[PDB]
Amino acid sequence: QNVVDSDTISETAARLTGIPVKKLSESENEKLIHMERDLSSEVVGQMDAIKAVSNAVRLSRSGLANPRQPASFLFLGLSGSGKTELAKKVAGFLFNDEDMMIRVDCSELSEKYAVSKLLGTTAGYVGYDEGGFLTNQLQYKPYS
Amino acid sequence: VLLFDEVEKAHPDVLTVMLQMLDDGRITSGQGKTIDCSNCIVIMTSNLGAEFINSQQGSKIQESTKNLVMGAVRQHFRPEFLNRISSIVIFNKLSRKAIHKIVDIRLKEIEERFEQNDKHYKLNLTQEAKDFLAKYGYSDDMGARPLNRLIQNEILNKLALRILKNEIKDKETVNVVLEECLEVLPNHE
Ligand SMILES: Nc1ncnc2c1ncn2[C@@H]1O[C@H](COP(=O)(O)OP(=O)(O)OP(O)(O)=S)[C@@H](O)[C@H]1O
């Protein structure tokens with residue numbers, strides 16, 4: 001036997017670090033197709049959004065998407081239209097669990113605290129435990 | 001149970017924060033810890049509808065008045081806030097009949113505040129005082145509140161003096177004045 005660039009290393013790294021796109025999965029039906037269907041099954045209307053996400057996500061497959069840019073969306077629209085429900089359903093698909101989404105409490109922001117609660121502070125300041133919402137999660141969840 | 005007294009005065013910025021609290025309970029601490037308070041009850045209060053409750057359109061608030069109040073609410077809070085409210089409730093105007101029932105209750109509370117048995121009413125005048133108080137407190141402009149003032153000003157202030165003057169040991173009585181006053185039981189004893 002041997003170490004295969006793809007089937008062994010790409011997959012090994014993914015098992016170690018996460019990153020589903022490097023698992024070079026055998027099916028974009030049971031990963032992308034079902035995504036559109038199931039997101040559509042639960043989120044009615046906003047089909048346009050579902051496809052926008054699914055396609056942005058599609059581009060990350062095999063690492064095709066830009067190495068320096070997260071899939072990124074801005075959801076505008078009528079409240080009650082699923083602006084955050086879709087996001088949960090996306091996590092619901094991605095991690096097979098809606099609760100794996102990292103919610104960032106942007107509702108509470110002031111330029112004097114707004115960054116610090118996400119990224120924490122430097123030495124010499126009361127409490128280090130940096131990273132409340134972003135650093136502490138992203139360090140452990142590369143494709144959250 | 002959380003209670004936010006006079007939410008209309010809260011700056012919209014904090015209400016923005018309340019949006020998390022009010023949906024999924026994901027209110028988080030300053031340090032990034034999630035509280036998870038979905039098991040709680042949240043009650044907020046305001047006076048935004050006062051301009052329409054003051055329309056005096058019935059006891060049970062009538063239609064139109066309720067809608068104008070909703071208008072005031074919509075013109076005050078952002079829709080996203082209002083959308084996270086399980087129920088928006090408009091209180092009723094406290095009618096004379098309500099006032100009579102209220103008087104019964106408030107008088108009972110006075111007895112419940114009586115830590116010692118030298119502060120005790122038999123009261124009497126359960127129709128006369130009840131009627132007096134009910135008429136005098138029947139003012140839309142203050143809801144049930146002036147009753148607290150009526151009781152204090154017509155009954156308790158006088159009681160305080162009677163106590164200071166040792167004109168009462170226990171089991172007090174209110175008498176009708178053409179106004180109200182108290183019975184002298186012992187007299188400077
Ligand atoms: N298209 C939809 N299909 C099925 N259920 C929906 C849909 N849109 C909304 N809902 C339901 O209504 C709510 C939508 O939630 P949200 O996406 O937060 O609404 P919202 O627009 O995010 O509210 P904000 O203030 O903009 S986050 C969810 O609790 C869903 O149950």
# chains A, B, ... in the order shown; residues from 1 in each chain; ligands from 1
>>> interface_residues(of="chain B", to="chain A", cutoff="12 Å", atoms="only C-alpha atoms", output="PDB file with C-alpha atoms, in the first residue's frame")
ATOM      1  CA  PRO B  12     -33.062  51.742  21.256  1.00  0.00           C
ATOM      2  CA  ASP B  13     -29.499  50.469  21.498  1.00  0.00           C
ATOM      3  CA  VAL B  14     -30.261  48.424  24.540  1.00  0.00           C
ATOM      4  CA  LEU B  15     -33.483  47.309  23.026  1.00  0.00           C
ATOM      5  CA  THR B  16     -31.380  46.077  20.200  1.00  0.00           C
ATOM      6  CA  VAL B  17     -29.627  43.878  22.764  1.00  0.00           C
ATOM      7  CA  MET B  18     -32.971  42.789  24.146  1.00  0.00           C
ATOM      8  CA  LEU B  19     -33.661  41.392  20.699  1.00  0.00           C
ATOM      9  CA  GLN B  20     -31.299  38.536  21.454  1.00  0.00           C
ATOM     10  CA  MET B  21     -32.801  37.973  24.792  1.00  0.00           C
ATOM     11  CA  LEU B  22     -36.294  37.977  23.321  1.00  0.00           C
ATOM     12  CA  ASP B  23     -35.486  35.358  20.688  1.00  0.00           C
ATOM     13  CA  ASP B  24     -33.515  32.210  21.411  1.00  0.00           C
ATOM     14  CA  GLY B  25     -32.482  33.607  24.802  1.00  0.00           C
ATOM     15  CA  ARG B  26     -28.977  34.144  23.462  1.00  0.00           C
ATOM     16  CA  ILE B  27     -28.075  37.051  25.577  1.00  0.00           C
ATOM     17  CA  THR B  28     -24.369  36.875  26.161  1.00  0.00           C
ATOM     18  CA  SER B  29     -22.137  38.268  28.798  1.00  0.00           C
ATOM     19  CA  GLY B  30     -19.539  40.935  28.283  1.00  0.00           C
ATOM     20  CA  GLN B  31     -16.924  38.147  28.478  1.00  0.00           C
ATOM     21  CA  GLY B  32     -18.573  36.082  25.736  1.00  0.00           C
ATOM     22  CA  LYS B  33     -20.427  33.531  27.825  1.00  0.00           C
ATOM     23  CA  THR B  34     -23.886  32.557  26.715  1.00  0.00           C
ATOM     24  CA  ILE B  35     -26.620  32.932  29.292  1.00  0.00           C
ATOM     25  CA  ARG B  78     -38.306  49.255  15.644  1.00  0.00           C
ATOM     26  CA  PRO B  79     -40.404  46.546  13.872  1.00  0.00           C
ATOM     27  CA  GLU B  80     -37.723  43.969  14.631  1.00  0.00           C
ATOM     28  CA  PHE B  81     -38.285  44.584  18.279  1.00  0.00           C
ATOM     29  CA  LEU B  82     -41.986  44.385  18.049  1.00  0.00           C
ATOM     30  CA  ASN B  83     -41.791  41.267  16.018  1.00  0.00           C
ATOM     31  CA  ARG B  84     -40.066  39.457  18.883  1.00  0.00           C
TER      32      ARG B  84
END
>>> residues_near_ligand(ligand="ligand 1", cutoff="6 Å", atoms="only C-alpha atoms and all ligand atoms", output="ChimeraX atom specification")
/A:42-45,79-85 /B:80
>>> atom_distance(atom1="atom CA of residue B:95", atom2="atom CA of residue B:146")
13.4 Å
>>> select_by_dssp(residues="stretch 12-138 of chain A", states="helix (DSSP H, G or I)", output="PyMOL selection string")
chain A and resi 12-17+20-22+29-42+47-58+61-63+85-94+98-100+116-119+135-138
>>> select_by_dssp(residues="chain B", states="strand (DSSP E)", output="list in words")
residues 2, 3, 4, 42, 43, 44, 121, 122, 123, 172, 173, 174, 175, 176, 180, 181 and 182 of chain B
>>> closest_residue(among="B:109, B:128, B:118, B:63", to="residue B:162", atoms="only C-alpha atoms")
B:118
>>> atom_distance(atom1="atom CA of residue B:93", atom2="atom CA of residue B:52")
11.1 Å
>>> residues_around(residues="residue B:66", least_positions_apart="4", cutoff="10 Å", atoms="only C-alpha atoms", output="PyMOL selection string")
chain B and resi 49+52-53+57+60-62+70-72+89-91
